[PDB]
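Student: What follows is structure-v9.pdb, made up of PDB, C-alpha atoms (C1' of nucleotides):
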ATOM      1  CA  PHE C 157      50.533 120.589  -7.056  1.00  0.00           C
ATOM      2  CA  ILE C 158      48.180 121.528  -4.219  1.00  0.00           C
ATOM      3  CA  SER C 159      47.450 117.899  -3.355  1.00  0.00           C
ATOM      4  CA  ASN C 160      51.134 117.043  -2.913  1.00  0.00           C
ATOM      5  CA  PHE C 161      51.671 119.936  -0.530  1.00  0.00           C
ATOM      6  CA  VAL C 162      48.550 118.994   1.416  1.00  0.00           C
ATOM      7  CA  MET C 163      49.613 115.400   2.112  1.00  0.00           C
ATOM      8  CA  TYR C 164      53.119 116.293   3.385  1.00  0.00           C
ATOM      9  CA  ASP C 165      52.390 115.387   7.006  1.00  0.00           C
ATOM     10  CA  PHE C 166      50.902 112.023   6.068  1.00  0.00           C
ATOM     11  CA  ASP C 167      53.922 111.192   3.926  1.00  0.00           C
ATOM     12  CA  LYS C 168      56.404 112.141   6.631  1.00  0.00           C
ATOM     13  CA  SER C 169      54.588 110.404   9.481  1.00  0.00           C
ATOM     14  CA  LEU C 170      54.224 107.154   7.531  1.00  0.00           C
ATOM     15  CA  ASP C 171      57.709 107.013   6.000  1.00  0.00           C
ATOM     16  CA  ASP C 172      59.703 106.905   9.215  1.00  0.00           C
ATOM     17  CA  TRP C 173      57.312 104.335  10.678  1.00  0.00           C
ATOM     18  CA  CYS C 174      57.862 102.098   7.660  1.00  0.00           C
ATOM     19  CA  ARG C 175      61.645 102.562   7.838  1.00  0.00           C
ATOM     20  CA  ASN C 176      61.872 101.048  11.344  1.00  0.00           C
ATOM     21  CA  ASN C 177      60.280  97.754  10.212  1.00  0.00           C
ATOM     22  CA  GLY C 178      62.026  97.124   6.882  1.00  0.00           C
ATOM     23  CA  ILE C 179      59.093  98.227   4.720  1.00  0.00           C
ATOM     24  CA  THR C 180      59.331 100.302   1.540  1.00  0.00           C
ATOM     25  CA  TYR C 181      56.736 103.005   0.886  1.00  0.00           C
ATOM     26  CA  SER C 182      55.805 105.198  -2.072  1.00  0.00           C
ATOM     27  CA  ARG C 183      52.751 107.121  -3.257  1.00  0.00           C
ATOM     28  CA  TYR C 184      51.576 108.089  -6.746  1.00  0.00           C
ATOM     29  CA  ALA C 185      48.609 110.480  -6.746  1.00  0.00           C
ATOM     30  CA  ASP C 186      46.141 108.432  -4.684  1.00  0.00           C
ATOM     31  CA  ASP C 187      47.953 105.075  -4.754  1.00  0.00           C
ATOM     32  CA  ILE C 188      50.087 103.745  -1.899  1.00  0.00           C
ATOM     33  CA  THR C 189      52.405 100.751  -2.243  1.00  0.00           C
ATOM     34  CA  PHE C 190      54.332  98.715   0.330  1.00  0.00           C
ATOM     35  CA  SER C 191      56.895  95.969  -0.141  1.00  0.00           C
ATOM     36  CA  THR C 192      59.091  93.790   2.044  1.00  0.00           C
ATOM     37  CA  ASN C 193      61.024  90.530   2.333  1.00  0.00           C
ATOM     38  CA  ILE C 194      59.918  89.418   5.827  1.00  0.00           C
ATOM     39  CA  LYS C 195      56.964  87.051   6.068  1.00  0.00           C
ATOM     40  CA  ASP C 196      53.817  88.036   8.001  1.00  0.00           C
ATOM     41  CA  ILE C 197      54.599  91.704   8.611  1.00  0.00           C
ATOM     42  CA  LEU C 198      52.290  93.267   6.016  1.00  0.00           C
ATOM     43  CA  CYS C 199      49.067  92.261   7.814  1.00  0.00           C
ATOM     44  CA  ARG C 200      49.339  95.070  10.400  1.00  0.00           C
ATOM     45  CA  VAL C 201      49.727  98.219   8.249  1.00  0.00           C
ATOM     46  CA  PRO C 202      46.008  98.579   7.295  1.00  0.00           C
ATOM     47  CA  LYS C 203      45.241  99.718  10.848  1.00  0.00           C
ATOM     48  CA  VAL C 204      48.281 101.999  10.992  1.00  0.00           C
ATOM     49  CA  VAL C 205      47.452 103.842   7.797  1.00  0.00           C
ATOM     50  CA  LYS C 206      43.894 104.343   9.062  1.00  0.00           C
ATOM     51  CA  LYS C 207      45.130 105.793  12.350  1.00  0.00           C
ATOM     52  CA  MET C 208      47.535 108.188  10.648  1.00  0.00           C
ATOM     53  CA  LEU C 209      44.820 109.101   8.151  1.00  0.00           C
ATOM     54  CA  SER C 210      42.457 110.123  10.913  1.00  0.00           C
ATOM     55  CA  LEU C 211      45.150 111.893  12.930  1.00  0.00           C
ATOM     56  CA  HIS C 212      46.681 114.044  10.172  1.00  0.00           C
ATOM     57  CA  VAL C 213      44.104 114.691   7.421  1.00  0.00           C
ATOM     58  CA  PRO C 214      40.500 114.393   8.648  1.00  0.00           C
ATOM     59  CA  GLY C 215      37.830 113.747   6.055  1.00  0.00           C
ATOM     60  CA  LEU C 216      39.817 111.348   3.898  1.00  0.00           C
ATOM     61  CA  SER C 217      38.993 107.647   3.868  1.00  0.00           C
ATOM     62  CA  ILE C 218      40.261 104.357   2.460  1.00  0.00           C
ATOM     63  CA  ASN C 219      38.455 102.332  -0.196  1.00  0.00           C
ATOM     64  CA  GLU C 220      38.306  98.786   1.156  1.00  0.00           C
ATOM     65  CA  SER C 221      37.509  97.054  -2.153  1.00  0.00           C
ATOM     66  CA  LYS C 222      40.860  97.862  -3.825  1.00  0.00           C
ATOM     67  CA  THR C 223      43.418  96.197  -1.545  1.00  0.00           C
ATOM     68  CA  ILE C 224      45.836  93.685  -3.048  1.00  0.00           C
ATOM     69  CA  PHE C 225      48.454  91.260  -1.703  1.00  0.00           C
ATOM     70  CA  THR C 226      51.023  89.772  -4.081  1.00  0.00           C
ATOM     71  CA  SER C 227      54.167  87.636  -4.007  1.00  0.00           C
ATOM     72  CA  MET C 228      56.701  86.192  -6.451  1.00  0.00           C
ATOM     73  CA  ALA C 229      54.420  83.320  -7.535  1.00  0.00           C
ATOM     74  CA  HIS C 230      51.860  85.596  -9.248  1.00  0.00           C
ATOM     75  CA  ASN C 231      51.720  88.604 -11.556  1.00  0.00           C
ATOM     76  CA  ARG C 232      53.519  91.650 -10.142  1.00  0.00           C
ATOM     77  CA  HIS C 233      53.429  95.174 -11.538  1.00  0.00           C
ATOM     78  CA  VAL C 234      53.656  98.727 -10.198  1.00  0.00           C
ATOM     79  CA  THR C 235      51.609 101.359 -12.063  1.00  0.00           C
ATOM     80  CA  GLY C 236      51.917  99.588 -15.394  1.00  0.00           C
ATOM     81  CA  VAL C 237      55.417  98.052 -15.449  1.00  0.00           C
ATOM     82  CA  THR C 238      55.837  94.311 -14.958  1.00  0.00           C
ATOM     83  CA  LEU C 239      58.465  92.978 -12.544  1.00  0.00           C
ATOM     84  CA  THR C 240      60.356  89.891 -13.661  1.00  0.00           C
ATOM     85  CA  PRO C 241      61.038  87.403 -10.834  1.00  0.00           C
ATOM     86  CA  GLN C 242      64.730  87.912 -11.594  1.00  0.00           C
ATOM     87  CA  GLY C 243      64.243  91.579 -10.682  1.00  0.00           C
ATOM     88  CA  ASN C 244      64.138  93.383 -14.033  1.00  0.00           C
ATOM     89  CA  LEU C 245      61.633  95.845 -15.450  1.00  0.00           C
ATOM     90  CA  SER C 246      59.565  94.700 -18.420  1.00  0.00           C
ATOM     91  CA  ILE C 247      56.671  95.733 -20.654  1.00  0.00           C
ATOM     92  CA  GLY C 248      55.095  92.309 -21.159  1.00  0.00           C
ATOM     93  CA  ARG C 249      55.261  89.448 -23.656  1.00  0.00           C
ATOM     94  CA  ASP C 250      51.909  90.264 -25.286  1.00  0.00           C
ATOM     95  CA  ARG C 251      53.045  93.703 -26.392  1.00  0.00           C
ATOM     96  CA  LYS C 252      56.432  92.420 -27.525  1.00  0.00           C
ATOM     97  CA  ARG C 253      54.734  89.951 -29.848  1.00  0.00           C
ATOM     98  CA  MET C 254      52.247  92.578 -31.010  1.00  0.00           C
ATOM     99  CA  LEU C 255      54.988  95.014 -32.006  1.00  0.00           C
ATOM    100  CA  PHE C 256      56.938  92.258 -33.733  1.00  0.00           C
ATOM    101  CA  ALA C 257      53.848  91.367 -35.757  1.00  0.00           C
ATOM    102  CA  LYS C 258      53.268  95.013 -36.670  1.00  0.00           C
ATOM    103  CA  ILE C 259      56.822  95.394 -37.953  1.00  0.00           C
ATOM    104  CA  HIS C 260      56.570  92.143 -39.903  1.00  0.00           C
ATOM    105  CA  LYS C 261      53.382  93.337 -41.592  1.00  0.00           C
ATOM    106  CA  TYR C 262      55.063  96.670 -42.336  1.00  0.00           C
ATOM    107  CA  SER C 263      57.855  94.828 -44.136  1.00  0.00           C
ATOM    108  CA  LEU C 264      55.191  93.583 -46.580  1.00  0.00           C
ATOM    109  CA  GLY C 265      53.721  97.082 -47.029  1.00  0.00           C
ATOM    110  CA  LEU C 266      50.310  96.380 -45.463  1.00  0.00           C
ATOM    111  CA  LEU C 267      50.317  99.141 -42.816  1.00  0.00           C
ATOM    112  CA  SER C 268      48.236 102.312 -43.047  1.00  0.00           C
ATOM    113  CA  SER C 269      49.712 105.726 -42.261  1.00  0.00           C
ATOM    114  CA  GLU C 270      47.883 106.037 -38.923  1.00  0.00           C
ATOM    115  CA  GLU C 271      49.362 102.799 -37.637  1.00  0.00           C
ATOM    116  CA  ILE C 272      52.868 103.923 -38.572  1.00  0.00           C
ATOM    117  CA  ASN C 273      52.637 106.853 -36.159  1.00  0.00           C
ATOM    118  CA  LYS C 274      50.939 104.747 -33.496  1.00  0.00           C
ATOM    119  CA  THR C 275      53.576 102.024 -33.617  1.00  0.00           C
ATOM    120  CA  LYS C 276      56.411 104.547 -33.749  1.00  0.00           C
ATOM    121  CA  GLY C 277      55.208 106.148 -30.532  1.00  0.00           C
ATOM    122  CA  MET C 278      54.708 102.808 -28.821  1.00  0.00           C
ATOM    123  CA  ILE C 279      58.177 101.645 -29.863  1.00  0.00           C
ATOM    124  CA  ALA C 280      59.733 104.836 -28.513  1.00  0.00           C
ATOM    125  CA  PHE C 281      58.057 104.338 -25.139  1.00  0.00           C
ATOM    126  CA  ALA C 282      59.111 100.694 -24.947  1.00  0.00           C
ATOM    127  CA  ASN C 283      62.680 101.603 -25.885  1.00  0.00           C
ATOM    128  CA  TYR C 284      62.784 104.102 -23.043  1.00  0.00           C
ATOM    129  CA  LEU C 285      61.392 101.514 -20.627  1.00  0.00           C
ATOM    130  CA  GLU C 286      63.764  98.657 -21.508  1.00  0.00           C
ATOM    131  CA  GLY C 287      66.778 100.282 -23.173  1.00  0.00           C
ATOM    132  CA  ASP C 288      67.638  97.463 -25.596  1.00  0.00           C
ATOM    133  CA  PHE C 289      64.486  97.062 -27.703  1.00  0.00           C
ATOM    134  CA  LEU C 290      65.877  98.687 -30.847  1.00  0.00           C
ATOM    135  CA  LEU C 291      68.961  96.465 -30.855  1.00  0.00           C
ATOM    136  CA  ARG C 292      66.756  93.372 -30.802  1.00  0.00           C
ATOM    137  CA  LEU C 293      64.604  94.702 -33.637  1.00  0.00           C
ATOM    138  CA  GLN C 294      67.685  95.588 -35.699  1.00  0.00           C
ATOM    139  CA  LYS C 295      69.230  92.158 -35.203  1.00  0.00           C
ATOM    140  CA  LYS C 296      66.047  90.585 -36.605  1.00  0.00           C
ATOM    141  CA  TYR C 297      64.905  92.750 -39.530  1.00  0.00           C
ATOM    142  CA  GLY C 298      68.189  94.458 -40.385  1.00  0.00           C
ATOM    143  CA  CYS C 299      69.340  98.018 -39.847  1.00  0.00           C
ATOM    144  CA  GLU C 300      68.214  99.286 -43.264  1.00  0.00           C
ATOM    145  CA  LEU C 301      64.542  98.447 -42.768  1.00  0.00           C
ATOM    146  CA  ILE C 302      64.471  99.904 -39.263  1.00  0.00           C
ATOM    147  CA  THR C 303      66.139 103.120 -40.416  1.00  0.00           C
ATOM    148  CA  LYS C 304      63.723 103.478 -43.327  1.00  0.00           C
ATOM    149  CA  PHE C 305      60.743 102.875 -41.042  1.00  0.00           C
ATOM    150  CA  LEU C 306      61.989 105.474 -38.556  1.00  0.00           C
ATOM    151  CA  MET C 307      62.620 108.108 -41.225  1.00  0.00           C
ATOM    152  CA  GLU C 308      59.160 107.643 -42.770  1.00  0.00           C
ATOM    153  CA  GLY C 309      56.937 110.680 -42.306  1.00  0.00           C
TER
ATOM    154  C1'  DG H   1      29.570 117.848  -5.517  1.00  0.00           C
ATOM    155  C1'  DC H   2      24.597 116.409  -6.839  1.00  0.00           C
ATOM    156  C1'  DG H   3      19.069 117.507 -10.878  1.00  0.00           C
ATOM    157  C1'  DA H   4      14.182 114.717 -10.929  1.00  0.00           C
ATOM    158  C1'  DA H   5      11.753 110.890  -9.877  1.00  0.00           C
ATOM    159  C1'  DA H   6      10.670 106.477  -6.791  1.00  0.00           C
ATOM    160  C1'  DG H   7      12.200 103.321  -2.393  1.00  0.00           C
ATOM    161  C1'  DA H   8      13.825 102.242   2.218  1.00  0.00           C
ATOM    162  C1'  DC H   9      13.518 103.119   7.389  1.00  0.00           C
ATOM    163  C1'  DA H  10      10.989 104.260  11.646  1.00  0.00           C
ATOM    164  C1'  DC H  11       6.692 105.412  14.283  1.00  0.00           C
ATOM    165  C1'  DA H  12       1.285 105.786  14.782  1.00  0.00           C
ATOM    166  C1'  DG H  13      -3.454 104.285  14.875  1.00  0.00           C
ATOM    167  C1'  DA H  14      -7.288 102.363  12.962  1.00  0.00           C
ATOM    168  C1'  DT H  15     -10.301  98.279  11.975  1.00  0.00           C
ATOM    169  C1'  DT H  16     -12.424  93.896  11.037  1.00  0.00           C
ATOM    170  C1'  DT H  17     -12.255  89.409  12.756  1.00  0.00           C
ATOM    171  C1'  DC H  18     -11.742  86.047  16.094  1.00  0.00           C
ATOM    172  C1'  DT H  19     -11.946  84.256  20.657  1.00  0.00           C
ATOM    173  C1'  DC H  20     -13.135  84.431  25.651  1.00  0.00           C
ATOM    174  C1'  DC H  21     -17.136  85.028  28.707  1.00  0.00           C
ATOM    175  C1'  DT H  22     -22.229  85.196  30.959  1.00  0.00           C
ATOM    176  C1'  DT H  23     -26.991  83.137  31.228  1.00  0.00           C
ATOM    177  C1'  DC H  24     -30.320  79.491  30.872  1.00  0.00           C
ATOM    178  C1'  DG H  25     -32.176  75.740  28.641  1.00  0.00           C
ATOM    179  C1'  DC H  26     -32.257  70.708  27.891  1.00  0.00           C
ATOM    180  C1'  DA H  27     -31.343  65.900  29.485  1.00  0.00           C
ATOM    181  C1'  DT H  28     -31.133  61.796  31.049  1.00  0.00           C
ATOM    182  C1'  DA H  29     -30.163  57.938  33.418  1.00  0.00           C
ATOM    183  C1'  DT H  30     -31.719  57.170  37.427  1.00  0.00           C
ATOM    184  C1'  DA H  31     -41.703  56.155  39.697  1.00  0.00           C
ATOM    185  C1'  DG H  32     -41.517  61.384  40.146  1.00  0.00           C
ATOM    186  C1'  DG H  33     -37.945  64.552  41.689  1.00  0.00           C
ATOM    187  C1'  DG H  34     -33.306  66.091  41.855  1.00  0.00           C
ATOM    188  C1'  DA H  35     -28.552  66.410  40.121  1.00  0.00           C
ATOM    189  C1'  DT H  36     -24.116  66.462  36.873  1.00  0.00           C
ATOM    190  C1'  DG H  37     -22.985  67.515  32.409  1.00  0.00           C
ATOM    191  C1'  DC H  38     -23.252  69.926  27.946  1.00  0.00           C
ATOM    192  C1'  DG H  39     -25.304  72.748  24.049  1.00  0.00           C
ATOM    193  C1'  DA H  40     -26.959  77.965  22.288  1.00  0.00           C
ATOM    194  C1'  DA H  41     -26.882  82.535  21.515  1.00  0.00           C
ATOM    195  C1'  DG H  42     -25.467  87.835  23.006  1.00  0.00           C
ATOM    196  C1'  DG H  43     -21.618  90.591  24.299  1.00  0.00           C
ATOM    197  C1'  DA H  44     -17.061  91.199  25.328  1.00  0.00           C
ATOM    198  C1'  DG H  45     -12.312  92.640  24.502  1.00  0.00           C
ATOM    199  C1'  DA H  46      -8.106  91.043  22.305  1.00  0.00           C
ATOM    200  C1'  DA H  47      -4.795  90.822  17.944  1.00  0.00           C
ATOM    201  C1'  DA H  48      -2.995  90.578  13.122  1.00  0.00           C
ATOM    202  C1'  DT H  49      -3.111  93.288   9.064  1.00  0.00           C
ATOM    203  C1'  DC H  50      -3.186  97.443   6.652  1.00  0.00           C
ATOM    204  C1'  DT H  51      -2.356 102.382   5.774  1.00  0.00           C
ATOM    205  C1'  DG H  52      -0.735 106.932   6.823  1.00  0.00           C
ATOM    206  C1'  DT H  53       3.160 110.594   7.068  1.00  0.00           C
ATOM    207  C1'  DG H  54       8.007 112.449   7.388  1.00  0.00           C
ATOM    208  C1'  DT H  55      13.317 111.949   6.880  1.00  0.00           C
ATOM    209  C1'  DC H  56      17.332 110.596   3.490  1.00  0.00           C
ATOM    210  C1'  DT H  57      19.772 107.719  -0.557  1.00  0.00           C
ATOM    211  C1'  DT H  58      21.185 107.480  -5.371  1.00  0.00           C
ATOM    212  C1'  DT H  59      23.795 110.597  -9.118  1.00  0.00           C
ATOM    213  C1'  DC H  60      22.266 114.054 -14.421  1.00  0.00           C
ATOM    214  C1'  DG H  61      24.206 114.438 -20.956  1.00  0.00           C
ATOM    215  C1'  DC H  62      25.002 120.159 -16.025  1.00  0.00           C
ATOM    216  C1'  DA H  63      26.143 128.344 -21.121  1.00  0.00           C
ATOM    217  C1'  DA H  64      31.565 128.546 -20.465  1.00  0.00           C
ATOM    218  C1'  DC H  65      36.740 122.187 -23.597  1.00  0.00           C
ATOM    219  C1'  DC H  66      40.947 120.923 -27.919  1.00  0.00           C
ATOM    220  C1'  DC H  67      41.954 118.992 -32.626  1.00  0.00           C
ATOM    221  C1'  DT H  68      50.534 115.159 -32.716  1.00  0.00           C
ATOM    222  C1'  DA H  69      52.233 109.801 -30.936  1.00  0.00           C
ATOM    223  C1'  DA H  70      52.821 106.468 -26.168  1.00  0.00           C
ATOM    224  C1'  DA H  71      52.207 105.565 -20.704  1.00  0.00           C
ATOM    225  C1'  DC H  72      50.130 107.154 -15.394  1.00  0.00           C
ATOM    226  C1'  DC H  73      46.643 109.898 -12.147  1.00  0.00           C
TER
END
Mind turning this structure into C-alpha cells?
Tutor:
Amino acid sequence: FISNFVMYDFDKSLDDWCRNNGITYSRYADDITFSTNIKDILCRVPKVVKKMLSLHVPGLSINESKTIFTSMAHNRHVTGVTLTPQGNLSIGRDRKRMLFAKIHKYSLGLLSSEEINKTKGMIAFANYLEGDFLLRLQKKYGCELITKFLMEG
DNA sequence: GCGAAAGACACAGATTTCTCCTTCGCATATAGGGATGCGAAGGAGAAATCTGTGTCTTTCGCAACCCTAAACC
C-alpha cells in the first residue's frame, strides 16, 4: 500500500502527458505499459519517463534490459493474458489442450486425487477469464460427467 | 541491503639491460712520411619490465516463516 501512495505524483504527471498524444498508460507494481494505434510515436517516451522519474522520485532508475516493442504480427500479452488479433482475451491454446487431455484421462479413471484439485482450480480460473469454458466442456463430455467431476471431493 | 575471500583500477619507483659516447690504436695504399678511414674497449645515461600499496565491486544458506486450489507482483 505504501508504494502506491508514494508513486502518486509520477502516475499523475505521466497520465496527462500520455492523454494528449493518444497513448494509453497503466502500471502494475513495477511494470509500465503503453499502447497506441499511430505509427512511430512510441520511440520518444523512453526519454520522457526518465525525465519524469528524475524530477518526481529521485533515486529510482529504469532497467534497460527489459524493454519490449510489439505489434499485431507477433505474440501479445499483458501480465499473463493473451490478446487475440480480433481483440479478445484468451488463456492460450496450449493450456486449452492440456485441460482437455486431463478431463479425457479423468473419464477413464486414471487421475490421482491431487490432480483433481489442481485441475479444478485451474478450470475455475480459466472459466473466470473467458466466461464460456464450462459450456464448451459440457458440450463435449456431457453434463453428467462434468457435474460428477465438480462434486467430487 | 550486503558476509568473506580474490580481482580490477590508478599511481610510484626501482632495476637490469641496452645503446650512445670518448680515446687511441692500426692501416694502408700511396721510398719514408703523412693522411683518411675504421676497429676496440671503458663509461655513460636512457628505457622497458616488474613489483609495490591503497581504494571499491560482487552478493551469503543471514535466531525470529506456514502447512487449501489457480494467476500476478
Student: Residues of chain C within 8 Å of chain H, counting only C-alpha atoms (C1' of nucleotides), what are they? List them as a ChimeraX atom specification.
Tutor: /C:184-186,235-236,273-274,276-278,280-281
Student: Could you jot down the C1' of residue 12 in chain H to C1' of residue 47 in chain H separation for me, Å, one decimal place?
Tutor: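 Separating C1' of residue 12 in chain H from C1' of residue 47 in chain H is a distance of 16.5 Å.
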Student: Run the PyMOL selection byres ((chain H and resi 20) around 8) against the file shown and list the residues it catches, as a ChimeraX atom specification.
Tutor: /H:19,21,44
Student: Starting from the PyMOL selection byres ((chain H and resi 2) around 8), expand the selection into actual residues of this file and give them as a ChimeraX atom specification.
Tutor: /H:1,3,59
Student: One decimal, in Å: what's the spacing between CA of residue 192 in chain C and CA of residue 219 in chain C?
Tutor: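 Interatomic distance, CA of residue 192 in chain C to CA of residue 219 in chain C: 22.4 Å.
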Student: With N, CA, C and O atoms as the goal, would you fill in the gaps in range 189-213 of chain C and present it as a PDB file, keeping the file's coordinate frame?
Tutor:
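Okay, selection-v2.pdb is ready:
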ATOM      1  N   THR C 189      51.838 102.076  -2.046  1.00  0.00           N
ATOM      2  CA  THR C 189      52.405 100.751  -2.243  1.00  0.00           C
ATOM      3  C   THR C 189      53.406 100.443  -1.142  1.00  0.00           C
ATOM      4  O   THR C 189      54.166 101.317  -0.719  1.00  0.00           O
ATOM      5  N   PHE C 190      53.405  99.192  -0.684  1.00  0.00           N
ATOM      6  CA  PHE C 190      54.332  98.715   0.330  1.00  0.00           C
ATOM      7  C   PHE C 190      54.963  97.422  -0.156  1.00  0.00           C
ATOM      8  O   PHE C 190      54.336  96.647  -0.878  1.00  0.00           O
ATOM      9  N   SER C 191      56.203  97.182   0.260  1.00  0.00           N
ATOM     10  CA  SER C 191      56.895  95.969  -0.141  1.00  0.00           C
ATOM     11  C   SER C 191      57.925  95.604   0.912  1.00  0.00           C
ATOM     12  O   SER C 191      58.473  96.475   1.599  1.00  0.00           O
ATOM     13  N   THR C 192      58.188  94.303   1.021  1.00  0.00           N
ATOM     14  CA  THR C 192      59.091  93.790   2.044  1.00  0.00           C
ATOM     15  C   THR C 192      59.526  92.374   1.690  1.00  0.00           C
ATOM     16  O   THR C 192      58.993  91.739   0.774  1.00  0.00           O
ATOM     17  N   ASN C 193      60.509  91.886   2.453  1.00  0.00           N
ATOM     18  CA  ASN C 193      61.024  90.530   2.333  1.00  0.00           C
ATOM     19  C   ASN C 193      60.671  89.632   3.510  1.00  0.00           C
ATOM     20  O   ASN C 193      60.816  88.410   3.396  1.00  0.00           O
ATOM     21  N   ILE C 194      60.224  90.192   4.629  1.00  0.00           N
ATOM     22  CA  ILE C 194      59.918  89.418   5.827  1.00  0.00           C
ATOM     23  C   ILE C 194      58.483  88.920   5.751  1.00  0.00           C
ATOM     24  O   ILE C 194      57.570  89.660   5.368  1.00  0.00           O
ATOM     25  N   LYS C 195      58.283  87.660   6.121  1.00  0.00           N
ATOM     26  CA  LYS C 195      56.964  87.051   6.068  1.00  0.00           C
ATOM     27  C   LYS C 195      56.104  87.489   7.248  1.00  0.00           C
ATOM     28  O   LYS C 195      56.593  87.625   8.373  1.00  0.00           O
ATOM     29  N   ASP C 196      54.816  87.711   6.979  1.00  0.00           N
ATOM     30  CA  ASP C 196      53.817  88.036   8.001  1.00  0.00           C
ATOM     31  C   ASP C 196      54.178  89.312   8.765  1.00  0.00           C
ATOM     32  O   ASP C 196      54.287  89.326   9.992  1.00  0.00           O
ATOM     33  N   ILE C 197      54.360  90.395   8.013  1.00  0.00           N
ATOM     34  CA  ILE C 197      54.599  91.704   8.611  1.00  0.00           C
ATOM     35  C   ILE C 197      53.708  92.737   7.937  1.00  0.00           C
ATOM     36  O   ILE C 197      53.541  93.854   8.439  1.00  0.00           O
ATOM     37  N   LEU C 198      53.122  92.368   6.803  1.00  0.00           N
ATOM     38  CA  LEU C 198      52.290  93.267   6.016  1.00  0.00           C
ATOM     39  C   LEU C 198      50.820  93.222   6.410  1.00  0.00           C
ATOM     40  O   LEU C 198      50.015  93.951   5.823  1.00  0.00           O
ATOM     41  N   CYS C 199      50.449  92.391   7.378  1.00  0.00           N
ATOM     42  CA  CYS C 199      49.067  92.261   7.814  1.00  0.00           C
ATOM     43  C   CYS C 199      48.680  93.262   8.894  1.00  0.00           C
ATOM     44  O   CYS C 199      47.524  93.265   9.327  1.00  0.00           O
ATOM     45  N   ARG C 200      49.609  94.107   9.342  1.00  0.00           N
ATOM     46  CA  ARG C 200      49.339  95.070  10.400  1.00  0.00           C
ATOM     47  C   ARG C 200      49.187  96.505   9.919  1.00  0.00           C
ATOM     48  O   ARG C 200      48.568  97.309  10.623  1.00  0.00           O
ATOM     49  N   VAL C 201      49.729  96.846   8.756  1.00  0.00           N
ATOM     50  CA  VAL C 201      49.727  98.219   8.249  1.00  0.00           C
ATOM     51  C   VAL C 201      48.346  98.770   7.884  1.00  0.00           C
ATOM     52  O   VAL C 201      48.187  99.999   7.897  1.00  0.00           O
ATOM     53  N   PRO C 202      47.326  97.965   7.537  1.00  0.00           N
ATOM     54  CA  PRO C 202      46.008  98.579   7.295  1.00  0.00           C
ATOM     55  C   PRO C 202      45.444  99.346   8.480  1.00  0.00           C
ATOM     56  O   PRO C 202      44.730 100.333   8.269  1.00  0.00           O
ATOM     57  N   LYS C 203      45.719  98.930   9.718  1.00  0.00           N
ATOM     58  CA  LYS C 203      45.241  99.718  10.848  1.00  0.00           C
ATOM     59  C   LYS C 203      46.098 100.957  11.070  1.00  0.00           C
ATOM     60  O   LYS C 203      45.582 102.011  11.471  1.00  0.00           O
ATOM     61  N   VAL C 204      47.393 100.869  10.757  1.00  0.00           N
ATOM     62  CA  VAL C 204      48.281 101.999  10.992  1.00  0.00           C
ATOM     63  C   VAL C 204      47.961 103.122  10.022  1.00  0.00           C
ATOM     64  O   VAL C 204      47.955 104.304  10.395  1.00  0.00           O
ATOM     65  N   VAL C 205      47.724 102.781   8.753  1.00  0.00           N
ATOM     66  CA  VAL C 205      47.452 103.842   7.797  1.00  0.00           C
ATOM     67  C   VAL C 205      46.144 104.520   8.164  1.00  0.00           C
ATOM     68  O   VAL C 205      46.011 105.738   8.025  1.00  0.00           O
ATOM     69  N   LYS C 206      45.169 103.756   8.664  1.00  0.00           N
ATOM     70  CA  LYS C 206      43.894 104.343   9.062  1.00  0.00           C
ATOM     71  C   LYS C 206      44.069 105.296  10.237  1.00  0.00           C
ATOM     72  O   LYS C 206      43.485 106.391  10.261  1.00  0.00           O
ATOM     73  N   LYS C 207      44.910 104.916  11.204  1.00  0.00           N
ATOM     74  CA  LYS C 207      45.130 105.793  12.350  1.00  0.00           C
ATOM     75  C   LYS C 207      45.844 107.074  11.937  1.00  0.00           C
ATOM     76  O   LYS C 207      45.457 108.171  12.363  1.00  0.00           O
ATOM     77  N   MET C 208      46.861 106.967  11.075  1.00  0.00           N
ATOM     78  CA  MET C 208      47.535 108.188  10.648  1.00  0.00           C
ATOM     79  C   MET C 208      46.615 109.032   9.779  1.00  0.00           C
ATOM     80  O   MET C 208      46.681 110.269   9.817  1.00  0.00           O
ATOM     81  N   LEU C 209      45.727 108.378   9.027  1.00  0.00           N
ATOM     82  CA  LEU C 209      44.820 109.101   8.151  1.00  0.00           C
ATOM     83  C   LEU C 209      43.881 109.944   8.985  1.00  0.00           C
ATOM     84  O   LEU C 209      43.591 111.096   8.645  1.00  0.00           O
ATOM     85  N   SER C 210      43.394 109.378  10.091  1.00  0.00           N
ATOM     86  CA  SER C 210      42.457 110.123  10.913  1.00  0.00           C
ATOM     87  C   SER C 210      43.178 111.195  11.713  1.00  0.00           C
ATOM     88  O   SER C 210      42.597 112.244  12.006  1.00  0.00           O
ATOM     89  N   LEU C 211      44.440 110.948  12.077  1.00  0.00           N
ATOM     90  CA  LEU C 211      45.150 111.893  12.930  1.00  0.00           C
ATOM     91  C   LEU C 211      45.623 113.124  12.163  1.00  0.00           C
ATOM     92  O   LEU C 211      45.612 114.233  12.706  1.00  0.00           O
ATOM     93  N   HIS C 212      46.040 112.956  10.906  1.00  0.00           N
ATOM     94  CA  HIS C 212      46.681 114.044  10.172  1.00  0.00           C
ATOM     95  C   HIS C 212      45.776 114.763   9.180  1.00  0.00           C
ATOM     96  O   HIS C 212      45.799 115.994   9.122  1.00  0.00           O
ATOM     97  N   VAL C 213      44.988 114.044   8.390  1.00  0.00           N
ATOM     98  CA  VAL C 213      44.104 114.691   7.421  1.00  0.00           C
ATOM     99  C   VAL C 213      42.679 114.179   7.605  1.00  0.00           C
ATOM    100  O   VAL C 213      42.286 113.165   7.010  1.00  0.00           O
TER     101      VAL C 213
END
